[PDB]
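Structure record follows, encoded as structure tokens.
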Amino acid sequence: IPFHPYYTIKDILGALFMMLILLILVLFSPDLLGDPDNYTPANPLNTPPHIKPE
Amino acid sequence: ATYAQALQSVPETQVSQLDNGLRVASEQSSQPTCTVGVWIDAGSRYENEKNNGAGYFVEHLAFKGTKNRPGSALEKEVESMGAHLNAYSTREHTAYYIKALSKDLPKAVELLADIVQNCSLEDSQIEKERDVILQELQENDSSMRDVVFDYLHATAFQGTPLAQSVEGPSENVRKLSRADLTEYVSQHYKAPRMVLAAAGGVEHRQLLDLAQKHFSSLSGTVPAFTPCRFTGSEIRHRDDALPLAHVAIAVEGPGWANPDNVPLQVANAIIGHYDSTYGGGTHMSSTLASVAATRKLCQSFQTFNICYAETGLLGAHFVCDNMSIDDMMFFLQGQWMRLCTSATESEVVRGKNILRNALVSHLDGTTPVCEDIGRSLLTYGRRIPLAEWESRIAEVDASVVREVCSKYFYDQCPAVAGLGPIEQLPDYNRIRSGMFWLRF
């Protein structure tokens, strides 16, 4: 089938759903997936008890 | 004459009626030959799914013998005077006519009454014609235009008796009995639904006396017609073994008696027609014809205004190779849009001239005039004179064309038929979006 009418609209719906999840994160739990210790400025003398990547 | 005096000098169609309700209509000339026929308000749209094909079967058996003229005798009589017997059937009309010498009109008229009144419908002949009709169905399968228009009717009028084909499905052909055909004739071959037309060296008083002597037996003074819903829809039969693709696209157009038909026909003349055997090619005033000739986008295209009593198919049929269908759609729909929004006076003038020329040139000979009389009395209850057609064309301008093409084409769902190597036939949503313009 041609991409335009079908998958442009389907990809738009998918993008709106993705935007919903993203804005739920940004506006209702901004810090859900982050770490509180990055609200502390970097201290090369003191190391955090836990050093995890993202 | 100045074509205004020539229209005013065209002979007048004289119409009378028998007590049974058979209408008698004639346009007289000084020609030594005439065409006389019977036109009947009978077609496939009057058939349901069990009887579908009965009218075509009855037309098949029409000349194969009556109780007075058994088998070949009728044919012999026709052939023994130099006359020509012809018949046809549509979804709404049926016709039986003779081209004869003017001195053969009595016999011709007699030969017609018998044919419509006393067909033998003999079972042996019914089986022979069963075989013939099956072979003709397979012959019609070979004609891509006939198939694509049957497809267009089937999807545009799905669920309605206008979707039916004239010939019916082959299963009905195998199943139709003599009782089926006798019932069809007894319910549809009635005097109030028949018109005895004659064009040529025929005096109306003499034809009327003939009709009163040969047709007065017919039904004196009931199931007929339900409207047929139109559907925006598509039917695509892909056969990449076919060398060329056929595409037919139509919106719901007006029925017979709607005045909108005259401007719409004008508009169709603006789009015109084309095939690859044309002299003019790239120089044609029709934009689509010149683009098709310059790019070799198609082998042919035609506009059409098919009318039924209450609806019709207004559209275009084109034939092209697999890799150009899309282009042919784009330039065709664009023309439609260009007419809905920006019709322009000069090409409306050209289309009006084309329409007048089509109407006058079509009515050349006794047979086209006889068909015009019969079909006209069936569709309008009247023969519309060419002076009147000219009055209706003269009152068309670019505003009128813009308005009517907007009313019928713009933002309307079309019905679409595709047959052959049609992978590049655009998806229905893309065509439907091609039925409006965002700039407008």
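Heads up: the protein sequence lines correspond to chains 3C and 3A, in order. Per the deposited numbering, residue 218 is the first one in the first sequence, and the count goes up by one each step. FYI, in the deposited numbering the residues of the second sequence are 2 to 222, 228 to 446. The beta carbon of each residue, even a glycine, is placed where N, CA and C say it ideally should be.
Contact with chain 3A by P253 (chain 3C), beta-carbon distance below 8 Å: no
Status (buried if at least 16 other CB within 10 Å, exposed otherwise) for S27 (chain 3A): buried
Cβ neighbour criterion (16 or more within 10 Å) applied to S348 (chain 3A): exposed
DSSP three-state assignment for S103 (chain 3A), whether helix, strand or coil: helix
CA nearest to the CA of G318 (chain 3A), picked from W395 (chain 3A), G371 (chain 3A), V196 (chain 3A), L153 (chain 3A): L153 (chain 3A)
Any 3 or more C-beta pairs closer than 8 Å across the stretch 128-145 of chain 3A and the stretch 15-34 of chain 3A: no
Interface flag, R436 (chain 3A) vs chain 3C, CB-CB below 8 Å: yes
Proximity of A322 (chain 3A) and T309 (chain 3A) at Cβ, strictly below 8 Å: yes
Sheet register partners of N363 (chain 3A) (DSSP bridge): Looking at the DSSP assignment, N363 (chain 3A) forms no beta bridge with any residue, so it has no partner.
Segments of 3+ residues assigned as beta strand (DSSP E) that fall wholly inside the stretch 260-343 of chain 3A: 306-313, 318-326
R242 (chain 3A), DSSP secondary structure in three states: strand
Residue of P427 (chain 3A), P420 (chain 3A), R438 (chain 3A) minimising C-alpha distance to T156 (chain 3A): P420 (chain 3A)
Chain-ordered neighbours of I218 (chain 3C) on chain 3A, where CB pairs are closer than 8 Å: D433
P162 (chain 3A) versus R46 (chain 3A): straight-line alpha-carbon distance, rounded: 5 Å
Which of helix, strand or coil DSSP assigns to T264 (chain 3C): coil
CB contact flag (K191 (chain 3A), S220 (chain 3A), <8 Å): yes
Cα-Cα separation between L106 (chain 3A) and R175 (chain 3A), rounded to whole angstroms: 38 Å
With 16 other Cβ atoms within 10 Å as the buried cut-off, status of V196 (chain 3A): buried
Candidates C35 (chain 3A), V25 (chain 3A), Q15 (chain 3A), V16 (chain 3A): closest to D370 (chain 3A) by CA position: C35 (chain 3A)
Within-8 Å CB hit, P266 (chain 3C) to chain 3A: no
Sequence-distant residues of its chain with Cβ nearer than 6 Å to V117 (chain 3A) (five each side left out): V39, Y190
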